[PDB]
Amino acid sequence: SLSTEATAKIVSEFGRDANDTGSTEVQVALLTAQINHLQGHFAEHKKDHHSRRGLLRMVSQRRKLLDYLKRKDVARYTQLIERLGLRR
Amino acid sequence: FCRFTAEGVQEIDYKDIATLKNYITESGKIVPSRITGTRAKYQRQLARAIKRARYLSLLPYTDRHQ
Amino acid sequence: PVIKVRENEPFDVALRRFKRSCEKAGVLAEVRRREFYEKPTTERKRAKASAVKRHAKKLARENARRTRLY
Amino acid sequence: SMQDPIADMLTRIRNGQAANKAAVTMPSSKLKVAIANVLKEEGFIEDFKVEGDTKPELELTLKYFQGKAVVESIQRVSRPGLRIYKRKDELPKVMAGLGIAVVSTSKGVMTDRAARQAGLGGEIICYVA
Amino acid sequence: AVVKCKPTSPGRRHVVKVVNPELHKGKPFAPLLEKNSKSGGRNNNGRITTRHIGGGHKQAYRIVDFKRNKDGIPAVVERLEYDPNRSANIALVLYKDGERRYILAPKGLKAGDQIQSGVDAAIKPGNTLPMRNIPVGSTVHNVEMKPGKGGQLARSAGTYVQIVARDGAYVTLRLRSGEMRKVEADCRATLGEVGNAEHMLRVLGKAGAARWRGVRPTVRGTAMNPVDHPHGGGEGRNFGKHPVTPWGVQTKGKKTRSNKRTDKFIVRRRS
Amino acid sequence: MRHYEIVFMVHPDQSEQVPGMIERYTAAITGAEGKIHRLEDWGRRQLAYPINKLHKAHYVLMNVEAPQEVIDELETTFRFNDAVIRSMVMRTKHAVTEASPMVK
RNA sequence: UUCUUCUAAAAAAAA
RNA sequence: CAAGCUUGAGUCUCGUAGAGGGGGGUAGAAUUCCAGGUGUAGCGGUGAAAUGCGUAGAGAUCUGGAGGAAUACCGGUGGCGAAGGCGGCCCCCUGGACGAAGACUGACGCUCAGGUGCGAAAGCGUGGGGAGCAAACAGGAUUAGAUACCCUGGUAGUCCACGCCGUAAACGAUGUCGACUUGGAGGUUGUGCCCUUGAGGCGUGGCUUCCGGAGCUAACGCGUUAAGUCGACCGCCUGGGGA
């Protein structure tokens, strides 16, 4: 999983109040970070389906959160996908 | 009647051969939990310790291998 | 199961001690178990059946302890 | 997920009556307290009471007559999978008028007989007899 | 990487190429090239001593360092190159003192790696040490047969040998043929297998592909006449005799090794 | 970094080489910004069963905190050192420092 | 330890 | 449609248990083979035999070596996983679940035709590996016959890397999610309080086994892990054979 220091750095960068850890921007950033960190792992271990299931769960969770955000405030969603480099 | 939960030890140390010898038979086999009365968690820890000791040649796998 | 005969000890009691040690260590049962191959489904079903009997006998004894026969 | 709190309320009432419970408790709502008020003024439940501020909990004191329960049949009619709406001239008479049918009209939620007297139909929430 | 060609024409329909993106796409090293003239399978008397050889694309000889005597001087791999003289690829390495040489390419060798020979070299793929200091059980390649002569065993695309035992001045190697052979402990060897392991997976596809490598066609004995081969003759297809070479020696099973000088080093024959 | 408990057994004929081996390994650990939390040479000991047709071995226990990129190459040095007979590198949750039960 | 098979038609009581 | 709220859902801090998954090493027992020492007329197998292995020295026993597969004991109606399934030990990468205190976002939720992924064993392709077991096959028995059950051998296969196939009594013959309804004895895993006055007592969570009340069910049974009382969505059935 992600390190404590990495999560702290991410929540400091994206958190409005620097102590929240639950806002949609922070959660999407954490999921995105974990997915990118797992890119190297699944490139080497292509047969780890049991972990790929968890990865797909993260992906679907992030998709639902991004859909919710885009429905609620288009501006924050646009800024977040620009900062994280997500195509959609 | 588990000795490990009585002393409240955090984890069983594989180097503690003196205590480990009391939970193995003369043939080198592991004595069952239902006989010695050890709690399941400590039983698993004890099994792991016994295997680690066997790998480290501190305990015999069997009584006959020479 | 090593048994070394001690001084001033009869052979028959030594043989009995060796037999007792052997049945304690379970070598005969182990060899008879490994005489032929047992499928994983068969051994699982056998262990399940054994547990069912080992629980049923206890419950049967508990019920029989209450009532009388005459 | 929990997608029908009204059905959940009816189910709690039915189970409590079957299990001989004196009172039942459930999370409140303005519609639940309204149906509870209708049941109390119609003599199906003894009294209702709502406590709490942020998460208000409604408590219904059930009613028993001659050992057995009073409400012997209670069922949701318009459920989220299939809504049922009926005009005032074709309202149903539950148990030949002895039972009642909780119907939600424009002037609040009331019984079927009251709705017929007042001359307006509505959504049929549930039958209770 | 093996790729399967699309069937846009017969002769290409069944081709499977083995592309290697790491190979140098240029000309080979000039101070190490030298002439390699063809022979047609003909000896100094001009007679064909081995049939089905002749033609094929022109090739130049790359002076590969088989002896590997530059001891103690580390070398960095400049680039990998294709070698037409052998099945395996070769690597152009540069020593610290500025001398470039060609070596066989191991399995995991990429550009920029460091290799070294000698008695005190580290144990990692590509280093060359005498096999008495190399741990037992390890798979090595480009192994010598006599001390200082240069590698002769395990030299093709994806071969290797395993050092299975050592007893005094000799070690016992399990050769790629499945045969156990003794060899002196002072012979050098390079750690790890040799690189182009997927070379056997390629299929030539057409007759011309074999013609490009100087391999002339092979005529079956039964298709000839009795004066040409023992198997020749017959009104139709007839083969009523035990299979033999064109000079009358049996092929299906008959052993032909007659070297009593080197029998003492063969611990156990192949299977 | 990560806490490791290393225990290796070396051939009894090399009993005089064990101080020097201890110095080299500790030097590597410290040079790689590591810590040595305990080091107990258990000396020679009788084996429970004969390993490589010899019945005695010199045991050494060492508790280290070091990066895995120095620990793996240490395992390689063990693998290629013919003097050492076995080596168990176990990873522990925290640094433990109490004396092992075979010093008494 | 082995030990196979017997086709094709039945009838049944009603305070 | 707009503004909210924290109970549903999710995130962070500290821990816990686990054969959860992928990659690479390593340890021991045993089977088979090879070489040698001792030793002689049987071994192996069966209900009884015979094929087979033995005077060219087998079987037995000891030593050394090669190779492959699987991890006794622990081991448990025990644990983990969505299911298939996962069992020596060590390291690297990694998924999920649960507990105690808070803090945070604020319905972001549940199900899902078509679609996508995972999916035992057997089987297929390419390249390895092959000790034991063992479809096909051969020989020996039993029998009226024996293309079988039993015996001696034995090839694909079982093992490794990457793809294909996508099927099982793939079973709890019980789709997923949520709410409510008497209880008892355990197993396993956290955690709070009282004097841990020893392995004591009193709660409160997760998973799981057996018995049983109301209720349901054609009955057998299910019975807070429902097949009880309800709500949301999906797939499926309309006599047997044909199929």
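When reading the values below, keep in mind they use all heavy atoms of this one structure, side chains included, and skip hydrogens, waters and symmetry mates. Proteins get letters first, then strands, A, B, ... in listed order; numbering begins at 1 in each.
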Exercise. What do you reckon, do H:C104 and H:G10 form a Watson-Crick or wobble pair with both distances under 3.5 Å?
Worked result: yes
For this session: Answer yes or no: are the six-membered ring centres of H:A170 and H:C171 under 5.5 Å apart with planes under 30°?
Result: no
For this session: Output the single nucleotide from H:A19, H:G127, H:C93 whose closest atom is nearest the side chain of B:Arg48.
Result: H:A19
Detail all sub-3.5 Å separations between protein N/O atoms and N/O atoms belonging to nucleotides 35-37 of chain H.
none

For this session: Report yes if a side-chain nitrogen or oxygen of F:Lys53 is closer than 4.0 Å to either non-bridging phosphate oxygen (OP1 or OP2) of H:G64; otherwise report no.
Result: yes
Exercise. Under 4.0 Å between a side-chain N or O of A:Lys47 and OP1 or OP2 of H:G163?
Worked result: yes
For this session: Return the nearest nucleotide to the side chain of F:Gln68; candidates are H:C93, H:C118, H:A107.
Result: H:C93
Seminar exercise, completed: Stems field, RNA chain G, Watson-Crick or wobble, 3.5 Å, at least 3 pairs, by first number, holds none
Problem set entry | Two-distance pair test H:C12 H:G102, Watson-Crick or wobble, each under 3.5 Å | yes
Exercise. Which label fits H:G198, syn or anti, where anti is any glycosidic angle not within 90° of 0?
Worked result: syn
Exercise. For E:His14 and H:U126, what is the distance between atoms NE2 and P respectively, to the nearest whole Å?
Worked result: 14 Å
Exercise. Taking the six-membered ring for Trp, are A:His41 and A:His45 parallel (under 30°), tilted (30 to 60°) or perpendicular (over 60°)?
Worked result: tilted
For this session: Establish, for the pair F:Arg86 and F:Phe8, whether the NZ or CZ atom is under 6.0 angstrom from the six-membered ring centre and no further than 45 degrees off its axis.
Result: no
For this session: Measure from the side-chain heavy atoms of B:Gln43 and tell me the nearest of H:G190, H:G75, H:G228.
Result: H:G75
Problem set entry | N-glycosidic conformation, H:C108 - syn within 90 degrees of 0, else anti | syn
For this session: Using a cut-off of 3.5 Å for both contacts, decide if H:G157 and H:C133 are a Watson-Crick or G-U pair.
Result: yes
Exercise. Do the six-membered rings of G:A10 and G:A11 pass both checks: centres under 5.5 Å apart and planes under 30 degrees?
Worked result: no
Problem set entry | Pairing between H:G8 and H:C108, Watson-Crick or G-U, 3.5 angstrom cut-off on both | yes
Exercise. Do H:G95 and H:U111 meet the pairing test, Watson-Crick or G-U wobble with both distances under 3.5 Å?
Worked result: no
For this session: Assign H:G22 to syn or anti; the rule is syn for a glycosidic angle within 90° of 0 and anti otherwise.
Result: anti
For this session: Taking only the side-chain heavy atoms of B:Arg64 (C-beta and beyond), determine which of H:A30, H:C91, H:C12 contains the nearest atom.
Result: H:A30
Problem set entry | G-U wobble or Watson-Crick pair formed by H:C14 and H:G99 (both under 3.5 Å) | yes
Exercise. Does E:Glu179 come within less than 4.0 Å of E:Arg268, counting only side-chain N to carboxylate O?
Worked result: no
Exercise. If only side-chain N and O atoms of F:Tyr4 are considered, is one of them under 4.0 Å from the OP1 or OP2 phosphate oxygen of H:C92?
Worked result: yes
Could you list all N or O pairs between the protein and nucleotides 95-98 of chain H that sit under 3.5 Å apart?
{"residue": "H:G95", "atom": "OP1", "partner": "A:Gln34", "partner atom": "NE2", "Å": "3.2"}
{"residue": "H:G95", "atom": "OP2", "partner": "A:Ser1", "partner atom": "N", "Å": "2.8"}
{"residue": "H:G96", "atom": "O3'", "partner": "A:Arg57", "partner atom": "NH1", "Å": "2.8"}
{"residue": "H:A97", "atom": "OP1", "partner": "A:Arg57", "partner atom": "NH1", "Å": "3.2"}
{"residue": "H:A97", "atom": "OP1", "partner": "A:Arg57", "partner atom": "NH2", "Å": "3.1"}

For this session: Would you indicate which nucleotide in H:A29, H:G23, H:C12 comes nearest to any side-chain atom of A:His45?
Result: H:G23
Mind listing the N/O atom pairs, protein and nucleotides 231-233 of chain H, below 3.5 Å?
{"residue": "H:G231", "atom": "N2", "partner": "D:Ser1", "partner atom": "O", "Å": "3.3"}
{"residue": "H:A232", "atom": "OP1", "partner": "D:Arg79", "partner atom": "NH1", "Å": "3.4"}
{"residue": "H:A232", "atom": "OP1", "partner": "D:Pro80", "partner atom": "N", "Å": "3.3"}
{"residue": "H:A232", "atom": "OP1", "partner": "D:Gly81", "partner atom": "N", "Å": "2.6"}
{"residue": "H:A232", "atom": "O4'", "partner": "D:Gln3", "partner atom": "OE1", "Å": "3.2"}
{"residue": "H:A232", "atom": "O2'", "partner": "D:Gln3", "partner atom": "OE1", "Å": "3.3"}

Problem set entry | Side chain of A:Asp48 - closest among H:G75, H:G228, H:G21 | H:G21
Exercise. Given H:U182, H:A27, H:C12, which nucleotide is nearest the side-chain atoms of A:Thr21?
Worked result: H:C12
For this session: Decide whether B:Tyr14 and F:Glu5 meet the rule of one side-chain donor and one side-chain acceptor closer than 3.5 Å.
Result: yes
Exercise. Between H:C230, H:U182, H:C12, which nucleotide gets closest to the side-chain atoms of D:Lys21?
Worked result: H:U182
Exercise. Would H:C137 and H:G153 count as a Watson-Crick or G-U wobble pair, both distances under 3.5 angstrom?
Worked result: yes
Problem set entry | Glycosidic conformation of H:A169, taking syn as within 90° of 0 and anti otherwise | anti
Exercise. Taking only side-chain nitrogens and oxygens of A:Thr24, does any of them come within less than 4.0 Å of OP1 or OP2 of H:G106?
Worked result: no
Exercise. Over how many whole Å does the gap from F:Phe8 atom CZ to H:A27 atom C1' extend?
Worked result: 19 Å
For this session: Examine the base of H:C104 for any acceptor or donor lying under 3.5 Å from a partner atom in the side chain of A:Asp20, and report the outcome as yes or no.
Result: no
Seminar exercise, completed: Residue pair E:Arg176/D:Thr11 against RNA chain H: nearer the 5' end by closest nucleotide is E:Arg176
For this session: Counting heavy atoms from C-beta on, name the nucleotide in H:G21, H:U181, H:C89 closest to the side chain of A:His41.
Result: H:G21
Problem set entry | Check: B:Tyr23 ring centre within less than 6.0 Å of B:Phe4 ring centre | yes
Exercise. Any Watson-Crick or G-U wobble pairing between H:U182 and H:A83, both distances under 3.5 Å?
Worked result: no
For this session: Count the heavy atoms of every other residue, nucleotide or ligand shown that sit under 6.0 Å from CZ of B:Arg34, and state whether that count exceeds 12.
Result: no
Protein N or O to nucleotides 67-72 of chain H N or O, pairs below 3.5 Å:
{"residue": "H:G67", "atom": "OP1", "partner": "E:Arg174", "partner atom": "NH2", "Å": "3.1"}
{"residue": "H:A72", "atom": "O4'", "partner": "C:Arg34", "partner atom": "NH2", "Å": "3.3"}
{"residue": "H:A72", "atom": "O2'", "partner": "C:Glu30", "partner atom": "OE2", "Å": "2.3"}
{"residue": "H:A72", "atom": "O2'", "partner": "C:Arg34", "partner atom": "NH2", "Å": "3.3"}
{"residue": "H:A72", "atom": "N6", "partner": "B:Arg54", "partner atom": "NH1", "Å": "3.2"}
{"residue": "H:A72", "atom": "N6", "partner": "B:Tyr61", "partner atom": "O", "Å": "3.3"}

Exercise. Just checking, are the bases of H:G65 and H:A66 stacked by our 5.5 Å, 30° definition for the six-membered rings?
Worked result: yes
For this session: Answer yes or no: does atom CG of D:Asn20 have more than 12 heavy-atom neighbours from other residues, nucleotides or ligands under 6.0 Å?
Result: yes
Exercise. Can H:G88 and H:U26 be counted as a Watson-Crick or G-U wobble pair, both distances below 3.5 Å?
Worked result: yes
For this session: Look at C:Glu62 together with C:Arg66 and state whether they make a salt bridge at an N to O cut-off of under 4.0 Å.
Result: yes
Exercise. Taking CD1 from F:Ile71 and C1' from H:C90, how many angstroms apart are they, rounded to a whole number?
Worked result: 13 Å
Exercise. Does D:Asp4 pair with D:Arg79 as a salt bridge, N-O distance under 4.0 Å?
Worked result: no
Exercise. Watson-Crick or G-U wobble between H:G4 and H:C164, both distances under 3.5 Å?
Worked result: no
Exercise. Is any side-chain N or O of B:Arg39 closer than 4.0 Å to OP1 or OP2 of H:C74?
Worked result: no
For this session: Please confirm whether neighbouring nucleotides H:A27 and H:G28 meet the stacking test: six-membered ring centres under 5.5 angstrom apart, planes under 30 degrees.
Result: yes
Seminar exercise, completed: Sorted by position of nearest nucleotide on RNA chain H, 5' first, the leading residue of D:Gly16 and C:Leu59 is D:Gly16
Exercise. Heavy-atom contacts under 4.0 Å between residues 9-17 of chain A and RNA chain H, which residues?
Worked result: A:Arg16
Problem set entry | Distance, nearest 0.5 Å, that separates CD of E:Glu193 from NZ of E:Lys107 | 4.5 Å
Problem set entry | Short N-O contact, C:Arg33 and C:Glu30, less than 4.0 angstrom | yes
For this session: Report the base-pairing partner of H:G192 (Watson-Crick or G-U wobble, both distances below 3.5 angstrom), or none.
Result: H:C202
